[PDB]
Amino acid sequence: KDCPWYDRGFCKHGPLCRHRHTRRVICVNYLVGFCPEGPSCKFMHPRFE
Amino acid sequence: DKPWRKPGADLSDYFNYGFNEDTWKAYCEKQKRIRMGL
Amino acid sequence: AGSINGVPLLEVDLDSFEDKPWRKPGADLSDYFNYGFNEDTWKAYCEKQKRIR
Ligand SMILES: [Zn+2]
Ligand SMILES: [Zn+2]
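Protein chains in written order, with the authors' numbering: chain A, 122 to 170; chain B, 147 to 184; chain C, 129 to 181.
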């Protein structure tokens, strides 16, 4: 299990969330705008949907 | 009002990737501007 | 804030890459480009950012 809202980066509930809040690392390169590794990158590419 | 804001809370339970209240808000503003404007 | 093997991410040229798997007919460009960027839009964003600072 992994929390979808937490996987985006923020969950309003937190400790009260029904799903698990796996701590992840974000890709700075994706955070500035572009990462060529895409799915192969070690670091998370959070979707802002 | 916001439960990440209390000393008995741990932000990491709310924000992933080491975000802060301010860094997350900043991240949302960037999202807003970039996807529309400029 | 970005960098690739010692080069600011905005100053990297996408045309130099050997793979360019973000041209594929159906690839997940969201995996590569954030904020809904495109290869052209990212380079434009890059060229805009450089002219400023
Ligand atoms: Zn959650
Ligand atoms: Zn990445």
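Backbone N, C-alpha and C define an ideal beta-carbon position, used for all residues, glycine too.
Relative to the C-alpha of residue i, which candidate in the options has its C-alpha closest?
| i | options | result |
| --- | --- | --- |
| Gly164(B) | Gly154(A), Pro160(A), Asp128(A) and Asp123(A) | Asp128(A) |
| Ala172(B) | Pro125(A), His140(A), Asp123(A) and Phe131(A) | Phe131(A) |
| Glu170(A) | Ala155(B), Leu184(B) and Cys174(B) | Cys174(B) |
| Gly183(B) | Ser144(C), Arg181(C) and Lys176(C) | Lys176(C) |
| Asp147(B) | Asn150(A), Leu152(A) and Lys133(A) | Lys133(A) |
CB residue i to CB residue j, shorter than 8 angstroms?
| i | j | result |
| --- | --- | --- |
| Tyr160(C) | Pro167(A) | no |
| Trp170(C) | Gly159(A) | no |
| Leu142(C) | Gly130(C) | no |
| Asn166(B) | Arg144(A) | no |
| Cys138(A) | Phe164(A) | no |
| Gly135(A) | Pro153(B) | no |
| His142(A) | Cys124(A) | yes |
On the DSSP letters alone, give me the boundaries of the alpha helix (DSSP H) that residue i sits inside.
| i | result |
| --- | --- |
| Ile180(C) | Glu167 to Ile180 |
| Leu157(B) | No alpha helix (DSSP H) contains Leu157(B), which DSSP labels as neither H nor E. |
| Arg139(A) | Careful: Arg139(A) lies outside any alpha helix (DSSP H) and carries neither H nor E. |
| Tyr151(A) | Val149 to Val153 |
| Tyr127(A) | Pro125 to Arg129 |
Legend entry - Residues, ordered as in the chain, of the stretch 149 to 165 of chain C that lie near chain B by beta-carbon distance below 7 angstroms: Per Cβ criterion, the list reads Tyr163 and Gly164.
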